[PDB]
Amino acid sequence: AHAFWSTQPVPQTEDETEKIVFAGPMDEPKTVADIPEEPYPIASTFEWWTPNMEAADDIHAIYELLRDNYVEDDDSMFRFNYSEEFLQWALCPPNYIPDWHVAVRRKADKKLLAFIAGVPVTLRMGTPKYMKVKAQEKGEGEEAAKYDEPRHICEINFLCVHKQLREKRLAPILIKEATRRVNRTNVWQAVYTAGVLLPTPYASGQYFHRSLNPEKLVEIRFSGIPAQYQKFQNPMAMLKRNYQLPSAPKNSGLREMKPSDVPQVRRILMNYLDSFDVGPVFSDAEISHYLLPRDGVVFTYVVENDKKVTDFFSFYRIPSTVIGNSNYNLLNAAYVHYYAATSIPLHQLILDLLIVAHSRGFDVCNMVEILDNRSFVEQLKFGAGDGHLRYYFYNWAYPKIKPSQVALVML
Ligand SMILES: CCCCCCCCCCCCCC(=O)SCCNC(=O)CCNC(=O)[C@H](O)C(C)(C)COP(=O)(O)OP(=O)(O)OC[C@H]1O[C@@H](n2cnc3c(N)ncnc32)[C@H](O)[C@@H]1OP(=O)(O)O
Ligand SMILES: CNCc1cccc(CN2CCOCC2)c1
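Residues numbered from 1 in each chain as written, not as in the entry; some residues may be left out. Chains lettered and ligands numbered in written order. Heavy atoms only, no water. Residues with missing side-chain atoms left out of burial classes, pairs and counts.

Per the PDB record, the structure was determined using X-ray crystallography to 1.50 Å resolution.

Written out as structure tokens, the structure reads:
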């Protein structure tokens, strides 16, 4: 039973989702004028706050809330520690709407108690390929194609309630207020991801991890040692040897991305992403924002051949607080971001990603099995993790799809 989610325009069960054959909205059609102009009511001791996510001090406030209260693993060994610079990057893409960043503060002392963020994204979210085939068979192709045009929607992230305020039904109030503010800007769908199972995902993928600093990963109990290593006189020396990487990239003409690369990177990325059922559409400004290198935040390299960009990869940094081990403060993780290969096999491109991340002091490389991430798991010694990432839409019926049909990376 879901006292809140049962009231929302989402499919309610897996059985319902199994029956969906066309992409389209769930809710009654509404207009901006129908939506309350006033913020959703909240208790008198609380106030709504719209942070300025280009004021250093407001970013710092959000940073502290998330550092102390955001997502942990299931054993509460690690907690995400997104940096202030990362938050500015993630929250302020081109044409972001400041009003979509929603906070709750205690009115008396302005202590930040809760947060949710929305940013604009242009998303292809029309009926998936396998369902369009069925629609053709049945003479229903017009209906199946109705919502094929890329849609300007909201991407929700960073929902967080302070630990001291948990289980008090604040999350539904945050979600309702974010929904109101987005609806007041004539936007009616959202996309979001979560580790937890909610009604009702359109896709779900396992996490994968590639050890870069295995001695540290084992120390902090991120990683275990296969029982088979006990056949060796020295399990750990063998483990280090297993995960060893070259000191320098192998692809000649790999270099960091620069601003003049933007249009070529846009073209090769967009050509690649268009093959997936669900995926973002990026302008030059959005390619520049999401992919140009930013120290400590995002790292992007291109393969240039004959003065042409033919391949690229990107990764972003999210460290996590190591909660229970006093020997290390942080786990330094690199996450596979967008990429495109046209000249070399993907495993050869992504090896250089691992090389660069290792050289820069990263402990592990993480990803979900979206895109063609499965195509280099075995060659590059990624192992499946405990975690999954579930993909959701708000106010959008969508047939179930494999995670290898999803091309949207979520930070
Ligand atoms: C058109 C525009 C639309 C815009 C909005 C689109 C929708 C966006 C939706 C948000 C996408 C976020 C994407 C991310 O950021 S995923 C990351 C979520 N954040 C964390 O996990 C951080 C650590 N945890 C917390 O801060 C709290 O435990 C949270 C805030 C998660 C819940 O707070 P609390 O534990 O104090 O509980 P409550 O009593 O206040 O509320 C209980 C209700 O909340 C439902 N719940 C629990 N977890 C989630 C979850 N991750 N997404 C959606 N709903 C969730 C739960 O089923 C229950 O509803 P119901 O079962 O009774 O029905
Ligand atoms: C994509 N945005 C970050 C994210 C948010 C919520 C949940 C997750 C995935 N969890 C992490 C903890 O270990 C279990 C899996 C990731």
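Novice: Teacher, can you tell me more about the overall build of the protein here?
Specialist: The helix and strand inventory of the protein stands at eleven helices and 14 strands. Here the C-alpha atoms of the protein give a radius of gyration of 22 Å, agreeing with the 22 Å that 2.2 N^0.38 yields for 411 residues. With the C-alpha coordinates aligned to their principal axes, the bounding extent of the protein is approximately 65 × 60 × 45 Å. Within the protein, contacts between residues separated by at least 24 positions form 78% of all contacts whose residues are at least 6 apart in sequence. (Helix = DSSP H or I, 4+ residues; strand = E, 2+ residues; numbered from the N terminus. Rg over C-alpha atoms; globule rule 2.2 N^0.38 Å. Contact = heavy atoms within 4.5 Å.)

Novice: What should I look at first to understand the pairing of strand β7 (residues 203-211) in this one?
Specialist: Side-chain positions along a regular strand alternate between the two faces of the sheet. Within β7, seven of the nine residues are buried, which leaves it mostly tucked inside the rest of the structure. Across six bridges, the pairing between β7 and strand β14 (residues 383-394) is antiparallel. Its bridge partner being in β14, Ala 203 is matched across the sheet by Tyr 391. By the bridge criterion, five bridges tie β7 to strand β13 (residues 364-368) in an arrangement that is antiparallel. Bridging across to β13, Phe 208 finds its partner in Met 367. (Buried < 20%, exposed > 50% of the residue type's maximum accessible area, 1.4 Å probe, protein only. Pairing = 2+ DSSP bridges.)

Novice: Honestly, helix α9 (residues 262-273) in this entry has me stumped. Any pointers?
Specialist: With twelve residues, α9 ought to run about 16 Å at 1.5 Å a step, and its terminal C-alpha atoms sit 16 Å apart, in line with that. Those residues of α9 that fall on the buried side of the exposure criterion are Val 262, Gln 264, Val 265, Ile 268, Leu 269, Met 270, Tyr 272 and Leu 273. Among the structural elements, β4 (112-124), β9 (279-280), α10 (284-291), β10 (298-305), β11 (308-322) and β12 (330-341) are those in contact with the buried residues of α9. (Expected span 1.5 Å × (residues − 1).)

Novice: Would you mind going over the site of ligand 2 with me for this structure?
Specialist: As a structural note, the neighbourhood of ligand 2 is formed by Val 71, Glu 72, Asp 73, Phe 80, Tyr 82, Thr 193, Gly 195, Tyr 207, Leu 389, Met 410 and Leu 411. The contact in question runs from a nitrogen atom of ligand 2 to an N or O atom on the backbone of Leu 411, over 2.8 Å. Burial of ligand 2 by the surrounding chains reaches 82%, relative to a free accessible area of 410 Å². Among the residues making up the shell around ligand 2, the classes are represented as seven nonpolar, two polar and two charged. (Near = heavy atom within 4 Å. Polar contact = N/O pair within 3.5 Å; in protein donor to acceptor, adjacent residues only side chain to side chain. Areas by Shrake-Rupley, 256 points an atom, 1.4 Å probe, with all protein chains shown as cover. Nonpolar A, V, L, I, M, F, W, Y, C, P; charged D, E, K, R; others polar.)

Novice: Sorry, what's going on with the environment of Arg 221 here?
Specialist: If you trace the backbone, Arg 221 turns up in the loop between α7 (214-219) and α8 (235-243). Residue class for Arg 221 comes out exposed when judged on its relative accessible area of 58%. Ignoring anything within four residues of it in the chain, the contact list for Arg 221 reads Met 77 and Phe 78.

Novice: Help me understand the UniProt feature "domain: Glycylpeptide N-tetradecanoyltransferase C-terminal" (unreviewed entry) in the protein in this model?
Specialist: According to UniProt, the "domain: Glycylpeptide N-tetradecanoyltransferase C-terminal" (unreviewed entry) feature falls on residues 219-402. End C-alpha to end C-alpha, residues 219-402 measures 35 Å, and it is 24% helix and 31% strand. (UniProt positions renumbered as here; feature names shortened; annotations may be inferred.)

Novice: Hey, could you run me through the UniProt feature "binding site: tetradecanoyl-CoA" (unreviewed entry) in the protein in this one?
Specialist: With numbering matched to this structure, UniProt assigns "binding site: tetradecanoyl-CoA" (unreviewed entry) to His 2, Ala 3, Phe 4, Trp 5, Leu 159, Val 161, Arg 166, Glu 167, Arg 169, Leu 170 and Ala 171. Following the sequence through the fold, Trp 5 ends up in the segment before α1 (14-18). For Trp 5, a relative accessible area of 12% puts it in the buried group. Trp 5 has contacts with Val 10, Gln 12, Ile 175, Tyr 192, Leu 198, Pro 199 and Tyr 394, leaving out every residue within four places of it along the chain. Secondary-structure assignment places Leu 159 in strand β5 (residues 151-161). Contacts of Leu 159, omitting those with residues within four sequence positions, involve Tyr 70, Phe 115, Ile 116, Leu 174 and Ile 175.

Novice: What's the story with the nonpolar core in this structure? I'm lost.
Specialist: For soluble globular proteins, the rule of thumb is that nonpolar side chains tend to be buried together. Of all hydrophobic cores here, the largest spans 108 residues; its most connected members are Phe 86, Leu 87, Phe 158, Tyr 202, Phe 313 and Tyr 339. Sorting elements by how many residues they give to this core places β12 first, with eight residues. Counting 25 residues, the second-largest nonpolar core is a separate cluster that includes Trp 100, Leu 113, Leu 170 and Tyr 192. (Core = buried A, V, L, I, M, F, W, Y, C linked by side-chain atoms within 4.5 Å.)

Novice: Looking at this structure, how should I read the site of ligand 1?
Specialist: Taken together, 32 residues sit near ligand 1, with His 2, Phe 4, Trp 5, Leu 159 and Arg 169 positioned nearest. Between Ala 3 and ligand 1, the recorded distance is 3.4 Å, taken from a backbone N or O atom to an oxygen atom. Taking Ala 171, its main chain carries an N or O atom lying 2.9 Å from an oxygen atom of ligand 1. In isolation ligand 1 has 1,200 Å² of accessible area, and contact with the protein removes 87% of it. Where the shell around ligand 1 is concerned, the elements lending two or more residues are β5, α6 (170-183) and β6 (190-194). For the shell around ligand 1, the element with the highest residue contribution is α6, accounting for seven residues.

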